[PDB]
Amino acid sequence: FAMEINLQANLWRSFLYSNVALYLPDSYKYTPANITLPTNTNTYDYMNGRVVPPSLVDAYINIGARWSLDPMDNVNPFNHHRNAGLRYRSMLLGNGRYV
Amino acid sequence: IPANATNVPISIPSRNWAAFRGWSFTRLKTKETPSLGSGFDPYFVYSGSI
Amino acid sequence: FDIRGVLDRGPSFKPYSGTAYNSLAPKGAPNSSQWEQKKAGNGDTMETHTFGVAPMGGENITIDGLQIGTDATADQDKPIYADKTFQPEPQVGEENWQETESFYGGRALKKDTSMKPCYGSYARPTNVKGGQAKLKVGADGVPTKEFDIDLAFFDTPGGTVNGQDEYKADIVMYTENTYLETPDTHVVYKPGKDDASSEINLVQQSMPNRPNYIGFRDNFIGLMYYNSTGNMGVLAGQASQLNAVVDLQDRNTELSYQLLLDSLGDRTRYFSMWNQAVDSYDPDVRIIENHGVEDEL
Amino acid sequence: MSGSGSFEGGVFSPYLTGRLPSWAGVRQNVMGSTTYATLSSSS
Amino acid sequence: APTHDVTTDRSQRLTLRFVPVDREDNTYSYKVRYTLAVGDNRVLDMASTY
Amino acid sequence: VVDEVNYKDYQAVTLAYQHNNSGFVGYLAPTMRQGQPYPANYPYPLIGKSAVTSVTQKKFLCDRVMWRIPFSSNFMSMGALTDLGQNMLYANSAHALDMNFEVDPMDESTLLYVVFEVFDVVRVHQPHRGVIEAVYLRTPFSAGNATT
Amino acid sequence: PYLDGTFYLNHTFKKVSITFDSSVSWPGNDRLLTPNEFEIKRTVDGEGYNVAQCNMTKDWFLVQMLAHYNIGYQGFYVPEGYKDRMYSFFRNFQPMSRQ
Amino acid sequence: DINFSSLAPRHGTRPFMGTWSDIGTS
Amino acid sequence: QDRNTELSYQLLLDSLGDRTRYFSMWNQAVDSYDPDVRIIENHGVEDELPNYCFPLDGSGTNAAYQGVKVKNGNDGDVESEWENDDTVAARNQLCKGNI
Amino acid sequence: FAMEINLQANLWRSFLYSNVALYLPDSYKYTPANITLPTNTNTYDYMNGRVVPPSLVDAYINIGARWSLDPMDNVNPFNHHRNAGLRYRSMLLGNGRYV
Amino acid sequence: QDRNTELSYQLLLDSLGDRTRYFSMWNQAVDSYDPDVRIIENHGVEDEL
Amino acid sequence: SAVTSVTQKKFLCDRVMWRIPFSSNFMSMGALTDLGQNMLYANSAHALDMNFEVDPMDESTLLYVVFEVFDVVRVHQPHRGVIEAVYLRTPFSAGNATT
Amino acid sequence: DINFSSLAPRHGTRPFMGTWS
Amino acid sequence: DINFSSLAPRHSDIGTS
């Protein structure tokens, strides 16, 4: 007995979703049915709670092209969690909020 | 630049251009740019990269 | 020289390594589909078998198929049937984690659509609501706006449990013709030699086609004749016409040009105007350096 | 062919030889001492 | 290129190797001696010995 | 990208009705898998046999650099103090300047940041113990301030 | 390979002899360890004329570090970064061994 | 090696308060 | 014995430069550590999209289901007279819910 | 309930099979039983359609050595899909045939 | 008022040293993005095994 | 329980052409060769056969021998719309037969 | 430096000359 | 412009004072 998985496909899909899909504008997101959020859109809680379809950044769109997504051109790319200058600074103050 | 404007004209009053060098320009976004003339900006609600 | 024109690559071209359709599928997976079979077929009965899955629940199955909703009271109550043209969407399922025993509707393919593995399977939408059934053809498919979807019902195989005794049906499959294309995966195992739908054509497997990137050469090599006979260039006066270009067969001015760009700057920076971008292989592919795999956990 | 005719023996190659048969291309049974990979690789 | 006063002239070897004979035995060390080769009119650089 | 008028089997299928990875991914959410295996329908093949008609989109990105136009006869710089800045230093004249910019529309409020490059020079003299003095020159956009 | 810098069969040479006459040979005023041939590589080596961890003759390595760089008579050293280019010998040379 | 060797062997003189000299004289 | 010329040689090489270039003949290849083992920069996992394994027949667990074709009209679920038809075979392999 | 998988082992099988095995000579390949390929050997279809054993590039062979396979020393390494220059050139024309 | 001392300083550092070397005392660490996020390249996946 | 094993060695080089300088003093300084002052033309035979032993495997190969020379040209314009060029190559000349 | 080509010195070894005996 | 620099090294151990 066995079960089948495509490790390579899954890794690529996850990579795109974390780093691109979550950073799309709020206009491409929706609130879940039974989740209620702030009416302040600049709060962390609101941003976090909004959910983006993983099909907008499908793992095989612009497939074989070197192309930056159109709604990602107007998004500041230095607000990103793999900004490595920002990460260095943050972790140079440790891993707690109280510093 | 108003939202959905495709033109912004600049008019500079008539004054000397003695020892002038180039120009540069780039586009920013209103929510991401605070003023430096003020000590505090109550309308600045962004903490990302400036 | 600013050259413009139209480039065309053959069907050889494929600038990616995977597949672009149903990449998360098992390669052995087959689609929900049907095949006719003659084992107990023949005559006015022909066994049309079905292999598939019906993934989303309803509330009843009538002869209008799955009833997927109900109209809110206004002094009337009528069950809303699921449209044959695009509902039951094959992306919609359940959010329990899998259930059995209720009413369920799904989709299937006909036996007039030859089987191919569900791993490269694609069929273009023929509707704006994500339907993809072929239009009916009476003699023309152009004015005919009836789509080809036929319900097939099923029930638990008891005779004293449902059906014959205690009437009802438990599953319905919206069977359609579709333009089934694998445009990036090639069948690599099959046990029969039939391409027609069969019981054994569920077992076909397909791996993706080779990545084949096609582009213009490194500095536009060979896009101008150098070191040639009768195709040699001219730079000459307009009056005198004394050609100051003497090209020799036993000279190479394209290789010479490559080596010069390693006399000038770094060759590891790409430029797009002159299309520079040196050919370089991954050196861990060239020289395989095994080190096992770190896997003690 | 070359030169004065006879029966058969033409269509390129043979000449005088008289030296010892260095490198591979001669390799086969009945060994000496105590063909890509006779020359690529070294042991 | 300079054409003179750097020319090999008579022309003699570019490389040498120095030889095997016997030593005094030791258990954990290997004692090697050379007495070098000599000929005529060259200058050795000891960066190019190994 | 797929032609929307020169491909004749084009259909505008929105995000809701797209499927590809059917039965192996959730429905429009990072939740659990939903659906059945089925032929995809989302991207149209642009490669291989039965590649659909298409047109090119071309753009660039350019981040971390401001556009710049030198103020000299040749746009190359042969020195700090340009050759057209010395037109008005060997015979001063006042002129107006209008710059008209055309930019792409954007839904959010935006600003234009124009840098007018000058010479900003401070010449610091300390002539006596415990005394420091300074004079600030700024050329075609002189300081109107001199605030406390 | 002809019209581009790409090449990949330089390891398939055994020896070149630049004959001038059949009682002497080009550099062959006694200069090399084998004065009548440039051996690129050895298949079996009694003399120890290989250079470390590959087949290449000590003579050939000396010649190709004085062809590309001028080092050999001051003892071998790693070439400088501007003396060593993408087509230069040193960074494309890859010894290897296995059992 | 593979040959290049060309004019301007050193700094091109220009009295560095400025970026010139002359075209020559005639 | 108060001279250490093994150490001295190591530091000389790095003065020259090219200490991350590897030279096979003198066995140069300075010891290194990966600086992500020496200093652990933890950043969690980029897993926000769940990954799955599925059967080789990609249909989960199946069961037999007789085909049924209504023997009379009427919109009911017991008045439509649901009974066996042999044009739609018997004992078909079908899965309910998700695979 | 649980199932066991070696993710690491699988990703190194995949790496080798795509980047090594597929670019072996066609002397190491075979045409499947019920597959018919063109008689031209320079066609895309022919190259694509022949199958190579994944056990010839075992992924546990030459283990612990730097070695380049002997039937890959005569294969042009710039005919590869990990030729990064060729990929760049290809993708500055886009991902579709008609350019 | 119309002088941007903070911006000017960032530019000054760039023209002198490299900005890819991080410093801790004065806290240098230029803002970045990965070039495979900003410009996404799909080269597919290896799903042939 | 390690088995008895021989060693095997090779190297690779890709993108390198095997360079042999010519004349006197193996260090590469200058570019000119003074054999014009040894005789102006007085040649006979004294061989000049380059013989490359090569590794065989299967299908055809070509050998490329680059004979390094000068390809100097002077391009002079003496008047408007007049351009001339004189070409010289000396060890292998391009003229004198119909010239 | 960004050079891939040696100089020649353009002069042979030893300026200084001795008499024939 | 962006660029502009004009501060860079032009470079009993004394004469007269």
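Observations
Order of writing sets the labels: A, B, C, D, E, F, G, H, I, J, K, L, M and N. Residues in every chain begin at 1.
The definition used in the following text is that contacts are C-beta pairs under 8 Å (C-beta built on N, C-alpha and C of every residue); 3 or more make two chains touch, one makes a residue touch a chain.
Note on connectivity: the fewest chain-to-chain touch steps from chain B to chain H number 2. For chain pairs E-M and F-H, the one joined by more C-beta pairs in contact is E-M. Chain centroids computed from C-alpha atoms place J closest to the centre of all protein C-alpha atoms shown.
Centroids built from CA atoms put chain K at 20 Å from chain A.
Chain C and chain L have centres, each the mean of its CA atoms, that are 53 Å apart.
Distance from the chain C centre to the chain E centre is 70 Å, each centre being the mean of its Cα atoms.
For the pair chain B and chain N, the distance between mean C-alpha positions equals 36 Å. In chain I, the residues that touch at least two other chains are 26, 48-49, 52-56, 58-59, 98-99. Counting partner chains per residue, chain M shows two or more touched chains at residues 2, 4-6, 8-9.
Residue positions of chain D with contacts to 2 or more other chains are 23, 36, 39-43. Interface residues of chain K facing chain F in the complex, by the touch rule stated above, are 1-3, 38-39.
For chain H in complex with chain M, the residues that touch the partner chain are 1-5.
Residue ranges of chain F in contact with chain B, taken from their complex: 66-71, 80-82, 84-86, 88-89, 92-119, 139-140.
Within the complex formed with chain F, the chain B residues making contact are 1-31, 33.
By the touch criterion stated above, chain C contacts chain L in their complex at residues 235-240, 242, 244-246, 248, 250-251, 286-287.
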